[PDB]
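> Quick one, structure for this:
(chains A, B, C, D, E, F, G, H, I and J, ligands or ions: 13)
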Amino acid sequence: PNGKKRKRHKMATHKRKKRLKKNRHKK
Amino acid sequence: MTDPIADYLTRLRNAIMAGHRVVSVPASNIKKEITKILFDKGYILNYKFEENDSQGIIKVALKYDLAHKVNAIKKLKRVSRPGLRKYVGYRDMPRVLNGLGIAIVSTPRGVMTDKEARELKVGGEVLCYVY
Amino acid sequence: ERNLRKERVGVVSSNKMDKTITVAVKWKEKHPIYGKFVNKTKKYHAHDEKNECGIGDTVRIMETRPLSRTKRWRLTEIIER
Amino acid sequence: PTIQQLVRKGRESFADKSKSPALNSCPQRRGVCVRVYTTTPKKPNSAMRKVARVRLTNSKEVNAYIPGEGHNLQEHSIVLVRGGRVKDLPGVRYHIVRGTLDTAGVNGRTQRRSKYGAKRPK
Amino acid sequence: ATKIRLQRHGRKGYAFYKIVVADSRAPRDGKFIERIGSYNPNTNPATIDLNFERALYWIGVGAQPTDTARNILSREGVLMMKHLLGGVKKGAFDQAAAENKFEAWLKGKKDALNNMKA
Amino acid sequence: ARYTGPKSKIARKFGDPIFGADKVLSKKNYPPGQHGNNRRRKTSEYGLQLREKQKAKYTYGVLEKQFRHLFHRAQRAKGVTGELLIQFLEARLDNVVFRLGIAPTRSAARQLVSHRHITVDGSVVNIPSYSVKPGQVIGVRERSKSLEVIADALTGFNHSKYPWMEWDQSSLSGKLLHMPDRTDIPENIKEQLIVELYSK
RNA sequence: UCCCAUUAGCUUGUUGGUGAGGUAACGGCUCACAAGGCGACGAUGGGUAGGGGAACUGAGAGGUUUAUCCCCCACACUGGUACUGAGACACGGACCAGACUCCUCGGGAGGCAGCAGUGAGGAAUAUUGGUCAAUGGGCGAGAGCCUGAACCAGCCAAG
RNA sequence: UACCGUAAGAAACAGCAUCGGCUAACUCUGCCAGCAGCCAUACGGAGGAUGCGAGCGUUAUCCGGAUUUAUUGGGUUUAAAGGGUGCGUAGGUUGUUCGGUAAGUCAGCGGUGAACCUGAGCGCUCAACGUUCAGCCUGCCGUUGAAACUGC
RNA sequence: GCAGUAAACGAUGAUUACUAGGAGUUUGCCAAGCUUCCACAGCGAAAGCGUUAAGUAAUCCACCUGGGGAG
RNA sequence: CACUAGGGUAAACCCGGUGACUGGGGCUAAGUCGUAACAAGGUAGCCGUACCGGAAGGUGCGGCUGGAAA
Ligand SMILES: [K+]
Ligand SMILES: [K+]
Ligand SMILES: [K+]
Ligand SMILES: [K+]
Ligand SMILES: [Mg+2]
Ligand SMILES: [Mg+2]
Ligand SMILES: [Mg+2]
Ligand SMILES: [Mg+2]
Ligand SMILES: [Mg+2]
Ligand SMILES: [Mg+2]
Ligand SMILES: [Mg+2]
Ligand SMILES: [Mg+2]
Ligand SMILES: [Mg+2]
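Residues are numbered from 1 along each chain as shown, chains lettered A, B, ... in the order given. Ligands and ions are numbered 1, 2, ... in the order given. Sharing the structure here:
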């Protein structure tokens, strides 16, 4: 219950989802 | 129920910790032998066997030191559990509390303590440690 | 004054062979590390000249010379059916 | 775990890793200096450390710290590389053995001579 | 063939031999069928320890001893035909009495005087 | 190897004149160096154990590997570890010669043993670390019974008062009765500290 | 008697039988009906490794490695085939096919995992030494001959 | 083994701010460094002192403390760690009592299991070492019994 | 009809037996079967849990072995 | 005439390498743009999912307290 622990995971999820949304529609 | 002997030990331990004077257990032959061994070695004050319509009831009266308000029994430990059975020979019989405790053991000559097991040179299943 | 060939007691597990049967011998012993007593089985291949065994019968087998490729036992007696 | 769980699966042990893997368990190695350069330490330390990029005989690139006061190392110099990492310097986990092959001993040394390859003064 | 021989087992400059029964093709200090004694040639009495019954049994079944092993066996008295006698019995050789022959030969001791009167 | 350095330095560092009697120990009771006799900084218990071990080693002329092996022998042996260690130290041939009084100092006894002026059971033994057993006879070699240094050392040593040593001046020899008790051994070494240092 | 299930099906002489042949010998070992055999108690496949006693280490449980020493196995440039022999992966035997290398114009030789030089590789490891005096081995009726096994000497901060 | 005449032919290496055994002067980024960190009780030299000693330091590798794979001998609310929840196959465990059996278990007897390693000697002037003998065989196999417990 | 995820949480797997007191509360007759808060022993690094245990014990399953890289 | 080492052929598999070009990640400094989180961090925070933005992020829907204030 610090908060930074969840902030790091939130950052990683943001980056991964941005990568996937950029890669969609391109083949 | 998975281990009646461990349950009997747990009932005794919980009664001692709570400070009760009498504890009632469902009866069994091996449990009766263990109660007899405990009375002979002087860990319990008294015992009584009651034969009702069920398997029976063992009623055990515990022993308290009036000088120090301390029970005669300090630790009861189950050794050979159903998930891991333990058998020893007479040469490798355990010694409990450096000989100041007892190890109830079932041998082909009957249920006895590690001292007479070593004397008669018979091994078997280490039921429990008492001290 | 013989040399007492090995003998085993097992349970027939198959008889769908010409004069050959499969005998499964099971036993218990403690684990080398954790000490728990575990079950293991061992299968055999025995010769039955008279084809006098079914399935699940308790049999006694004796060690012989090689009678085939992986067939080294013969059926001595039948203990149960 | 339960005894049955340990019987089914068991325990797993993982072997450690070498602190200086490019030596390949050899105590020392021979190498050739690619670039002999100067570097800056971490935040609480200020200096100009002398490092060399060394190509070992086993075709590995290492950063080796040159110890002592002054050195004669240049490019295409055959040197001996041993283990040992400097704390403030990041990525430098090897040392140059002074007084062996091309690199010479530290001049003017009197104490700790054997650590810098300095002969006993006459 | 089966042989009776010695395996060198001491150290450099001090040889100690183990009298064994071994197949002739075996390595000198390697495999052996049986061990029947030991031999220390460094001591002037030439120390010998031997298992008489086993040595006699191996000679009987036909192990061939080497030269030194045969000499050791003869010294210990294994090489005899007293059992070979088909026309006599209880033929006590008693040659151990003569084989005792205790050689208690010693050396006289002399000393140098210290004339340091100064 | 041997220490073969100055002795008054060690005597002053340890206070006790372990190398006998000297005129330097008076008017100088400080450890050597320019930082001597400047009070006494608090030395740790480990430092005290180390200084006791060094005192024993400099007293008996034994280096560290031999001392460690002697401790291992005492540990293997039956009895008190420290008492056994001191008995083993005193049972060395040079120490036995020194206690018999053939030589003035332990180093003199070691030099005589090395130069082969000492016989054990009638035979020349020249190993200074030789462990003397009770019942053995240690005497001057017959070719060196008229050495001036030996004669001077024995002059005035008519006491020969050590209970565990029987001296015969007619044969110029001596015998060891038994292993003396630690309280009978006249050494100020606290073997307990060495024992805990070597066992911890 | 090691890891991988990010390897789940494998097997057609394969499992059994009848007979014959073959071998020192039993046997699908080979050759001319039935459909069985092995498999989550891990078959099959892939990767890695010679295996033990020692040794080291730890109170023990255990762990690491098999340098020197002993036992068993495998091999002799790479494959194939046998012959001789009581005995053969034939370590100072043969034939054939490969590749490599050497010396010669028709061709012929070698195999350094036996002991010593040397070179290369490497952080790094020695004499092209003496003797069969001892122990062992082969042959010989024995004396004896041979023995880089062995016993010794030389070199090496060297435990 | 013995005789000539000779101290004569034979000491270095690493530490010294705490942990850690050892101290002050002169220099000054150069550096040091296992950690705390230090640009001087820590850098370089000088004087001293402290370890060890024909060695002393550095690197590499392995083991122990390390219980950091925990059978002996660890955990999972919040430190890493309960499957989203059930049903259920294999597997694991099985109330009480009587009688058999003898697979597990217990006991007796027998066989089997160089060198090294453990007490006692003996020989290496001692010691390493070599060797002998007593104490280990505490695994495996065979064969006789016991029946409390588990299994059938 | 797919999809199969959540701070899908009591951040607490399922069974069995045992071991103090108070204060409320739902249901069929003092008493079960529940559902909520203080709190003995005991447990825990502490916050705290405490008969609905995170206490005392037995059986089976799941999972963990420094952080990042990296689900 | 079978048997076979070796040779050629084709495939397909496995193990490796390199390649115009094109993507993340780690580490070091700090140039540039903002201020997302830590206080009710100035719109409570976080989980899942969807869409959208130079970036931290924003918004919708459901959930949680590991949130004040009340
Ligand atoms: K022949
Ligand atoms: K010879
Ligand atoms: K039962
Ligand atoms: K919910
Ligand atoms: Mg985002
Ligand atoms: Mg032939
Ligand atoms: Mg030495
Ligand atoms: Mg967590
Ligand atoms: Mg849940
Ligand atoms: Mg979760
Ligand atoms: Mg903000
Ligand atoms: Mg905000
Ligand atoms: Mg919008």
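> How about chain C: which residue is closest to RNA strand I?
Closest to RNA strand I within chain C is residue C:36: 7.7 Å, counting by CB to the nearest atom of the strand. For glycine as for every other residue, the C-beta is placed from the backbone atoms N, C-alpha and C.
> Compute the distance between that residue and residue B:80, please.
According to CB to CB, to the nearest Å, residue C:36 and residue B:80 sit 12 Å apart.
> Which one of those two is surrounded by more residues?
When residue C:36 is set against residue B:80 and neighbours are counted by other CB atoms under 10 Å in any protein chain shown, the residue ahead is residue B:80, at 20 against 15.
> show me the contacts for that one.
B:86, B:87, B:125, B:126, B:127 (CB atoms under 8 Å, 6 or more residues apart in numbering or on different chains).
> Stretch F:29-41 vs RNA strand H: in contact?
Yes - applying CB under 7 Å from any atom of the strand, one finds stretch F:29-41 in contact with RNA strand H at F:31, F:32, F:33, F:34, F:35, F:41.
> Just name the closest of the contacts of residue B:80 to residue E:61, please.
Residue E:61 lies nearest to residue B:87 out of the contacts of residue B:80, by CB to CB, at 48.6 Å.
> What's opposite the closest one in the beta bridge?
For residue B:87, the beta-bridge partners under DSSP bridges are residue B:125.
> pretty sure it contacts residue B:124?
Yes - using CB atoms under 8 Å, residue B:87 is in contact with residue B:124, at 6.5 Å.
> Settle it for me: which of those two has more neighbours?
residue B:124 (20 against 15).
> close enough to count as contact, that one and residue B:107?
Yes - between residue B:124 and residue B:107 there is a contact under CB under 8 Å: 3.8 Å.
> hey, what's in contact with both of those two?
residue B:117.
> Give me the buried positions along the top strand by length along chain D.
What stands out as the longest strand in chain D, according to DSSP state E, is strand D:28-39. Going by neighbour count (16 or more other CB atoms under 10 Å in any protein chain shown), the buried part of strand D:28-39 is D:29, D:30, D:31, D:32, D:33, D:36, D:39.
> Please identify which pair of these lies farthest apart.
Using CB to CB, these span at most 23.1 Å, a distance reached by D:30 and D:39.
> pretty sure residue D:41 contacts residue D:51?
No - using CB under 8 Å, residue D:41 is not in contact with residue D:51; the gap is 11.0 Å.
> same for the host helix or strand of residue B:35, what does it pack against?
Element membership for residue B:35 (DSSP states H and E) is helix B:29-41. Contact partners of helix B:29-41 among helices and strands, from 3 or more CB pairs under 8 Å, 6 or more residues apart in numbering or on different chains; DSSP states H and E: helix B:4-18, strand B:44-50, strand B:57-62, strand B:102-107, strand B:110-113, strand B:124-130.
> could you redo the last one with a cut-off of 10 Å?
helix B:4-18, strand B:22-26, strand B:44-50, strand B:57-62, strand B:102-107, strand B:110-113, strand B:124-130 (3 or more CB pairs under 10 Å, 6 or more residues apart in numbering or on different chains; DSSP states H and E).
> now the helices for the chain?
Since no chain was named, I'll use chain A. Applying DSSP state H to chain A gives helices spanning A:4-23.
> if you could check chain E rather than the one you did, that'd help
E:52-61, E:67-76, E:95-100.
> Likewise for chain F?
Counting by DSSP H, the helices of chain F are F:8-14, F:45-60, F:64-76, F:81-90, F:93-100, F:106-114, F:148-154, F:191-199.
> mind listing what the residue in chain C that RNA strand J sits nearest to touches?
Closest contact between chain C and RNA strand J, by CB to the nearest atom of the strand, is at residue C:69 (21.5 Å). Contacts for residue C:69 (CB atoms under 10 Å, 6 or more residues apart in numbering or on different chains) come out as residue C:45.
> Tell me which of the helices of chain F is the most buried.
Of the helices of chain F, the one with the most neighbours on average (mean count of other CB atoms under 10 Å in any protein chain shown) is helix F:93-100, at a mean of 24.
> Would you tell me what the next helix or strand after the longest strand of chain D is?
That would be, after strand D:28-39 and using DSSP H and E, strand D:49-56.
> What is that following strand packed up against?
strand D:28-39, strand D:61-65, strand D:78-83, strand D:94-96.
> and stretch B:4-14, is it in reach of RNA strand I?
Yes - counting by CB under 7 Å from any atom of the strand, contacts between stretch B:4-14 and RNA strand I involve B:6, B:7, B:9, B:10, B:11, B:13, B:14.
> In that stretch, which residues are buried?
Those would be B:5, B:6, B:8, B:9, B:11, B:12, B:13, for stretch B:4-14 by 16+ other CB under 10 Å.
> Which residues does that stretch contact?
Contacts of stretch B:4-14 (CB under 10 Å, 6+ apart): B:1, B:3, B:20, B:23-28, B:30-31, B:34-35, B:38, B:43-44, B:58, B:60, B:62, B:71, B:73-82, B:104, B:106, B:127-130.
> In PyMOL, select just the buried ones from the contacts of residue B:80.
A single PyMOL command selects the buried members of those (16+ other CB under 10 Å):
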select buried, chain B and resi 126+127
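> ok, of the contacts of residue B:80, which one's closest to RNA strand G?
Among the contacts of residue B:80, residue B:86 lies closest to RNA strand G (CB to the nearest atom of the strand), at 14.6 Å.
> Roughly how far does the spatially closest residue to the closest one that is not a sequence neighbour sit from residue F:41?
Leaving aside its sequence neighbours, residue B:86 sits nearest to residue B:80 (CB to CB, 6 or more residues apart in numbering or on different chains; 4.3 Å). Residue B:80 is 62 Å from residue F:41, where distance means CB to CB.
> same check, this time on residue F:157
42 Å.
> Give the residue from those two that has the larger number of neighbours.
The residue with more neighbours, out of residue F:157 and residue F:41, is residue F:157; 15 against 7, by other CB under 10 Å.
> Just to check, that one is in contact with residue F:165?
No - the criterion here is CB atoms under 10 Å, and residue F:157 misses it with residue F:165 at 11.6 Å.
> what is in contact with those two at once?
Shared contacts of residue F:157 and residue F:165, defined by CB under 10 Å, 6+ apart, comprise F:100, F:101.
> Which of the helices of chain E sits closest to RNA strand I?
helix E:52-61 (56.8 Å).
> Give me the buried positions along the closest one.
E:55, E:56, E:58, E:59.
> Which two of those have the greatest separation?
E:56 and E:58, at 7.5 Å, using CB to CB across the buried residues of helix E:52-61.
> got any residues that touch both of these two?
E:73, E:78.
> Please report how far the nearest residue to residue F:197 once chain neighbours are set aside lies from chain E.
Closest residue to residue F:197 apart from its sequence neighbours, by CB to CB, 6+ apart: residue F:49 at 4.0 Å. With distances taken as CB to the nearest CB, to the nearest Å, residue F:49 is found 40 Å from chain E.
> again, but for residue F:12
Distance, residue F:12 to chain E, by CB to the nearest CB: 38 Å.
> quick one: contacts for that residue?
Residues near residue F:12 by CB under 10 Å, 6+ apart: F:6, F:22, F:24, F:25, F:28, F:29, F:30, F:31, F:32, F:36, F:37.
> Compute the number of surrounding residues for whichever residue of chain A sits closest to RNA strand G.
Per CB to the nearest atom of the strand, the residue of chain A with the smallest distance to RNA strand G is residue A:16, at 17.0 Å. Using other CB under 10 Å, residue A:16 has 10 other residues around it.
> now the strands for chain E?
E:2-8, E:17-23, E:34-40, E:47-50, E:64-65.
> Now render those as CSV, adding mean neighbour count.
As requested, the strands of chain E are exported to CSV (neighbours: other CB atoms under 10 Å in any protein chain shown):
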stretch, mean neighbour count
strand E:2-8, 19
strand E:17-23, 20
strand E:34-40, 18
strand E:47-50, 15
strand E:64-65, 18
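> Switch those over to CSV, and while doing so, append distance to RNA strand I to every line.
Converted to CSV, these look like this (distance: least, CB to the nearest atom of the strand, whole Å):
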stretch, distance to RNA strand I
strand E:2-8, 53
strand E:17-23, 53
strand E:34-40, 52
strand E:47-50, 59
strand E:64-65, 65
